[PDB]
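Protein chains in written order, with PDB author numbering: chain A, 438 to 534; chain D, 20 to 134, 140 to 615.
Report on one structure; see the data block that follows.
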Ligand SMILES: *[C@@H]1O[C@H](CO)[C@@H](O)[C@H](O)[C@H]1NC(C)=O
Ligand SMILES: *[C@@H]1O[C@H](CO)[C@@H](O)[C@H](O)[C@H]1NC(C)=O
Ligand SMILES: [Zn+2]
């Protein structure tokens with residue numbers, strides 16, 4: 438939907454994350470500001486060399502390719518817990534004689 | 020272990036390159052299309068930060084090593100990271116160097132040659153084509169190099185010693201080794217290449233083409249005597265003012281005076297496209313179907329809607345330069361000063377051919393944002409350009425009627441000007457390679473620099489100056505590619521790379537006819553091999569970049585004679601009524 442949610446002055450408001458040392462298990466979150474540890478190094482608390490802080494941002498442009506485009510991804514998930522079901526789907530057609 | 024953390028800084032530098040360097044290419048995309056006085060200011064503000072942020076990563080580049088890398092994917096990914104440049108010395112002599120290159124550029128841009141006083145405009149090549157009198161053109165000839173040769177002499181070689189000082193800091197022999205030693209290859213036992221072997225590697229490439237050249241150089245001696253009898257030696261050399269160009273690398277203007285048969289010249293495309301209605305918007309659509317029917321992927325949709333193909337007639341200042349713009353990441357754009365002429369049609373597949381090579385390294389990051397080296401970038405742009413003059417495509421498109429049958433001599437005509445444009449240019453350019461490969465070292469002394477470039481011109485090229493001059497001339501420095509920061513060896517390396525690419529052009533589509541009349545279209549099974557060589561890019565060394573193409577990993581110019589196989593057997597019975605050889609004592613000014 439790049440025709441509506443972008444401008445030529447820079448749509449870098451949508452941020453992202455490239456890498457981290459650990460592996461996040463699904464169904465939790467982290468807004469943790471954690472320092473990169475390469476090896477024999479202490480923590481300083483400020484950015485610099487080998488303190489690669491992972492606050493990143495994309496490069497959204499309206500003309501930015503046709504395959505490198507913003508895809509608004511909505512992953513809709515369905516759960517059952519052996520319970521009486523509440524969410525019903527679209528029902529059958531109703532006719533009467 | 021910091022092997023993956025050294026990997027982490029690579030795509031961390033690209034994410035600050037997809038928004039910093041990509042707009043600086045987009046700002047330069049904006050300027051040569053739209054020239055305003057404020058468009059240059061954010062051009063200069065972005066292009067300086069383009070270098071300075073690349074200098075910002077050069078400060079942290081020397082903190083890591085180079086021999087602690089085992090896997091070959093980061094072996095070439097990291098050598099471009101540690102390329103410092105000339106930043107180790109202070110501002111005592113580097114800041115003075117750009118003040119030399121600007122005053123050498125103002126004399127070449129605002130140069131006037133008069134006592140009929142004209143700029144370095146295309147008109148400079150216009151008196152060289154049409155006018156044939158010498159006395160009205162003698163003052164324009166000697167006064168051309170009287171205002172350039174004396175001028176740029178005491179400023180040129182102070183530009184070379186600065187890079188020869190910094191070459192051994194980059195483990196190079198000279199500034200020529202920055203031009204010639206860029207073909208590094210490391211890896212296994214058969215992968216290791218050292219730098220100083222290309223000098224012998226280029227000698228025997230022309231040893232098999234010199235019997236073709238003197239067969240073609242004695243071809244032109246028969247008929248130019250009918251136009252200038254009292255100037256040219258009979259069985260020897262040639263004066264310097266009848267070359268079709270001031271340096272003799274453009275032998276295209278002289279072609280009405282060296283045509284094989286005067287009964288039928290070459291076929292142009294400017295007469296019949298005015299009848300069917302195919303203007304400048306039409307054949308570019310068939311140029312895209314020529315690019316996607318050979319297995320290569322389709323063009324982007326933004327290439328159709330957001331591109332500027334045709335000259336904007338809204339009072340727009342356009343540079344009118346055919347150039348391919350590599351923006352990257354699907355921002356595939358083009359500008360070309362488009363008309364319907366044949367020279368525009370041969371380059372119609374050139375800069376448009378680069379985008380299909382830009383999608384070869386579209387997967388490749390910013391540090392390796394070129395071809396497999398500096399040589400294969402311009403070769404694949406020209407691998408479809410020399411095949412664009414194939415006559416079987418010109419008959420099938422519908423310009424000539426079907427009853428026009430192409431004779432055996434019809435191929436001989438345009439392959440001659442093809443031979444005079446590149447193959448005739450190699451004896452001028454190959455001596456220019458050993459020009460800078462020996463003046464940069466220092467075996468030739470200070471005050472004999474004039475005659476040795478002429479001594480290479482009497483023996484190899486056979487071109488003698490007709491007026492006597494003094495030692496303080498810089499006629500090899502009269503090219504703006506040679507004088508300023510441009511590589512000229514990429515012009516000759518473009519030939520010998522695509523000369524072997526025309527060999528793999530034959531077995532890819534299962535071709536069996538004459539190799540100069542090649543058309544890769546009407547075949548989709550050719551493309552399954554074409555996606556093998558372009559998918560590797562610069563991530564693999566250049567010793568692997570030749571193996572997947574032909575199968576041999578050596579330089580071979582035997583497919584050049586396979587490219588002109590009807591021209592060699594025809595040429596034997598033409599100029600045998602002459603003596604072959606060279607006389608290095610003839611001079612026109614022996615008064
Ligand atoms: C150049 O200016 C014209 C008219 O203002 C505009 O349509 C065009 O997009 C401009 N070029 C670029 C590359 O923005
Ligand atoms: C390729 O196909 C087109 C359309 O069928 C035809 O006009 C053209 O002659 C063919 N080319 C060759 C080399 O057969
Ligand atoms: Zn080229």
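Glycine residues also receive a C-beta, built at the ideal position from the N, C-alpha and C atoms.
Original post:
Nearest to residue 133 of chain D by alpha carbon, out of D/124, D/79, D/161?
Top reply: Here residue 133 of chain D is taken as the residue at index 114 of the second chain, counted from 1. Residue 133 of chain D has its Cα closest to that of D/161, out of D/124, D/79, D/161.
**OP:** Within the same chain, show all residues whose beta-carbon is closer than 7 angstroms to that of residue 397 of chain D, passing over the 5 residues directly before and after it, in chain order.
**Re:** On the second chain, position 373 is the one that residue 397 of chain D refers to. Counting only Cβ-Cβ distances below 7 angstroms, and skipping sequence neighbours, we find 206, 207, 566.
**OP:** To the nearest angstrom, report how far apart residue 120 of chain D and residue 508 of chain D are at their CA atoms.
**Re:** Here residue 120 of chain D refers to the residue found at position 101 when the second chain is read from its first residue. Here residue 508 of chain D refers to the residue found at position 484 when the second chain is read from its first residue. Answer to the nearest angstrom: the Cα atoms are 7 angstroms apart.
Original post:
Can you tell me whether DSSP reads residue 209 of chain D as helix, strand or coil?
Top reply: Translated into positions along the second chain, residue 209 of chain D becomes position 185. Here residue 209 of chain D sits in strand by DSSP.
Subject >> Cutoff 8 angstroms: residue 211 of chain D Cβ touching any chain A Cβ >> reply: Translated into the one-based positions of the second chain, residue 211 of chain D becomes position 187. No - not a single Cβ of chain A is within 8 angstroms of the one on residue 211 of chain D.
Original post:
Hey, how far is the Cα of residue 532 of chain A from the Cα of residue 525 of chain A?
Top reply: One-based indexing of the first chain puts residue 532 of chain A at position 95. One-based indexing of the first chain puts residue 525 of chain A at position 88. Cα-Cα distance, rounded: 20 angstroms.
Original post:
Alpha carbon to alpha carbon, how far is residue 339 of chain D from residue 437 of chain D?
Top reply: Residue mapping note: residue 339 of chain D aligns to position 315 of the second chain, counting from 1. Residue mapping note: residue 437 of chain D aligns to position 413 of the second chain, counting from 1. Using only the alpha carbons, I get a separation of about 41 angstroms.
Original post:
Leaving out five residues before and five after residue 136 of chain D in sequence, what residues of the same chain have Cβ atoms less than 7 angstroms from its Cβ?
Top reply: A break in chain D separates 134 from 140, and the residue in question, residue 136 of chain D, sits inside that break with no coordinates.
Subject >> Within chain A, the residues that residue 138 of chain D reaches when beta carbons sit closer than 9 angstroms >> reply: Inspection of chain D shows residue 134 followed directly by residue 140; residue 138 of chain D is thus not represented.
**OP:** Leaving aside the five residues before and after residue 103 of chain D along the sequence, list all residues of the same chain whose C-beta is less than 6 angstroms from its C-beta, in chain order.
**Re:** Along the second chain, one-based indexing puts residue 103 of chain D at 84. For residue 103 of chain D, where only same-chain residues beyond five positions count, the Cβ hits under 6 angstroms are 77.
Original post:
Can you find a heavy atom of ligand 3 that lies under 7 angstroms from the Cβ of residue 273 of chain D?
Top reply: Here residue 273 of chain D refers to the residue found at position 249 when the second chain is read from its first residue. No, the Cβ of residue 273 of chain D stays beyond 7 angstroms of every heavy atom of ligand 3.
**OP:** Alpha carbon to alpha carbon, how far is residue 493 of chain D from residue 253 of chain D? Give it in angstroms, no decimals.
**Re:** Counting from one through the second chain, the residue named residue 253 of chain D turns up at place 229. Counting from one through the second chain, the residue named residue 493 of chain D turns up at place 469. One C-alpha to the other measures close to 24 angstroms.
Original post:
If we cut at 8 angstroms on Cβ distances, does residue 454 of chain A have a partner in chain D?
Top reply: Indexing the first chain from 1 puts residue 454 of chain A at position 17. Chain D contact via Cβ: absent.
**OP:** For chain A, find out if any of its Cβ atoms is closer than 8 angstroms to the Cβ of residue 41 of chain D; answer yes or no.
**Re:** The residue given as residue 41 of chain D occupies position 22 in the second chain. Residue contact with chain A for residue 41 of chain D: present (Cβ-Cβ distance below 8 angstroms to some residue of chain A).
**OP:** Show which residues of chain A have a CB atom less than 8 angstroms away from the CB atom of residue 326 of chain D.
**Re:** On the second chain, position 302 is the one that residue 326 of chain D refers to. Correct list: 500, 502, 503.
**OP:** Can you say whether residue 485 of chain A is buried or exposed, counting buried as having 16 or more other CB atoms within 10 angstroms of its CB?
**Re:** Here residue 485 of chain A refers to the residue found at position 48 of the first chain. By the neighbour-count definition (other C-beta atoms within 10 Å, threshold 16), residue 485 of chain A is an exposed residue.
Subject >> Simplified DSSP assignment, three categories, for residue 348 of chain D >> reply: The sequence position of residue 348 of chain D within the second chain is 324, counting from 1. Strand at residue 348 of chain D.
Subject >> Distance, residue 471 of chain A Cα to residue 487 of chain A Cα >> reply: On the first chain, residue 487 of chain A is found 50 positions in, with the first residue counted as 1. On the first chain, residue 471 of chain A is found 34 positions in, with the first residue counted as 1. If I take the Cα positions, the gap works out to 13 angstroms.
**OP:** Report yes if the CB atom of residue 351 of chain D is closer than 8 angstroms to the CB atom of residue 44 of chain D, and no otherwise.
**Re:** Here residue 351 of chain D corresponds to residue number 327 of the second chain, with the count starting at 1. Here residue 44 of chain D corresponds to residue number 25 of the second chain, with the count starting at 1. Yes, the pair counts as a contact, with Cβ atoms nearer than the cut-off.
Original post:
Considering only the beta carbon of each residue, do residue 107 of chain D and residue 190 of chain D sit closer than 8 angstroms?
Top reply: Within the second chain, residue 107 of chain D is the residue found at index 88, counting from 1. Within the second chain, residue 190 of chain D is the residue found at index 166, counting from 1. Cβ distance < 8 angstroms, so residue 107 of chain D and residue 190 of chain D count as in contact.
**OP:** Would you kindly work out how many angstroms separate the C-alpha atoms of residue 113 of chain D and residue 182 of chain D, rounded to a whole number?
**Re:** What you label residue 113 of chain D is simply residue 94 of the second chain in a count that begins at 1. What you label residue 182 of chain D is simply residue 158 of the second chain in a count that begins at 1. Spanning the two alpha carbons is a distance of roughly 11 angstroms.
Original post:
Taking 7 angstroms as the cut-off, does the CB of residue 328 of chain D come closer than this to any heavy atom belonging to ligand 1?
Top reply: Taking the first residue of the second chain as position 1, residue 328 of chain D is located at position 304. False, no ligand heavy atom lies under 7 angstroms from that Cβ.
Subject >> Closest Cα partner of residue 374 of chain D within the set D/63, D/79, D/383, D/412 >> reply: Reading the second chain from its first residue, position 350 is the one you call residue 374 of chain D. Nearest of D/63, D/79, D/383, D/412 to residue 374 of chain D, Cα basis: D/412.
**OP:** Using DSSP bridges, identify the partner residues of residue 343 of chain D.
**Re:** Mapped onto the second chain, residue 343 of chain D falls at position 319. Bridge partners of residue 343 of chain D: none, in fact.
Original post:
Taking any heavy atom of ligand 1 as the mark, which residues have a C-beta closer than 5 angstroms to it, listed down the chain?
Top reply: Counting every residue whose Cβ lies closer than 5 angstroms to a heavy atom of ligand 1, we get D/49, D/52, D/53.
Original post:
Is any heavy atom of ligand 3 found at a distance shorter than 7 angstroms from the C-beta of residue 405 of chain D?
Top reply: Taking the first residue of the second chain as position 1, residue 405 of chain D is located at position 381. For residue 405 of chain D, the distance from the CB to the nearest heavy atom of ligand 3 is below 7 angstroms.
Original post:
Which residues in chain A sit within 8 angstroms of residue 149 of chain D, going by Cβ to Cβ distance?
Top reply: If you number the second chain from 1, residue 149 of chain D lands on position 125. Those do not exist, as residue 149 of chain D stays about 38 angstroms from chain A at its closest Cβ, beyond 8 angstroms.
Original post:
If you measure from the beta carbon of residue 482 of chain A to each beta carbon in chain D, is any gap under 8 angstroms?
Top reply: Counting from 1 along the first chain, the entry for residue 482 of chain A is found at position 45. Contact with chain D is absent for residue 482 of chain A, since none of that chain's Cβ atoms lies less than 8 angstroms from the residue's Cβ.
**OP:** Assign residue 472 of chain A to one of three DSSP states: helix, strand, or coil.
**Re:** As a working mapping, residue 472 of chain A is identified with position 35 in the first chain. In this structure, residue 472 of chain A counts as coil in the three-state DSSP scheme.
Original post:
Would you say the beta carbon of residue 546 of chain D comes nearer than 7 angstroms to a heavy atom of ligand 2?
Top reply: Locating residue 546 of chain D in the second chain gives position 522, counting from the first residue. Correct: residue 546 of chain D has its Cβ closer than 7 angstroms to ligand 2.
Original post:
Since residue 79 of chain D meets chain A, which of its residues come closer than 8 angstroms, beta carbon to beta carbon?
Top reply: Locating residue 79 of chain D in the second chain gives position 60, where the first residue counts as 1. Here the neighbours are 486.
Subject >> Environment of residue 41 of chain D [buried if 16+ CB atoms lie within 10 Å] >> reply: Taking the first residue of the second chain as position 1, residue 41 of chain D is located at position 22. The residue in question, residue 41 of chain D, is buried, as its Cβ has 16 or more Cβ neighbours within 10 Å.
Subject >> Where residue 359 of chain D falls: helix, strand or coil (DSSP) >> reply: Here residue 359 of chain D refers to the residue found at position 335 when the second chain is read from its first residue. In the structure shown, residue 359 of chain D sits in a strand (DSSP, three-state: E or B).
**OP:** Examine chain D for any beta-carbon lying closer than 8 angstroms to the beta-carbon of residue 526 of chain A, and answer yes or no.
**Re:** Counting from 1 along the first chain, the entry for residue 526 of chain A is found at position 89. Taking Cβ atoms only, chain D never reaches closer than 8 angstroms to residue 526 of chain A, which makes this a no.
**OP:** Establish whether the CB of residue 496 of chain A and some CB of chain D are separated by less than 8 angstroms.
**Re:** Within the first chain, the letter at position 59 stands for residue 496 of chain A. Residue 496 of chain A counts as touching chain D.
**OP:** Mind reading off the beta-carbon distance from residue 586 of chain D to residue 539 of chain D? Whole number of angstroms is fine, and I expect it under 8 angstroms.
**Re:** Within the second chain, residue 586 of chain D is the residue found at index 562, counting from 1. Within the second chain, residue 539 of chain D is the residue found at index 515, counting from 1. Indeed they touch by this definition, with Cβ atoms about 6 angstroms apart.
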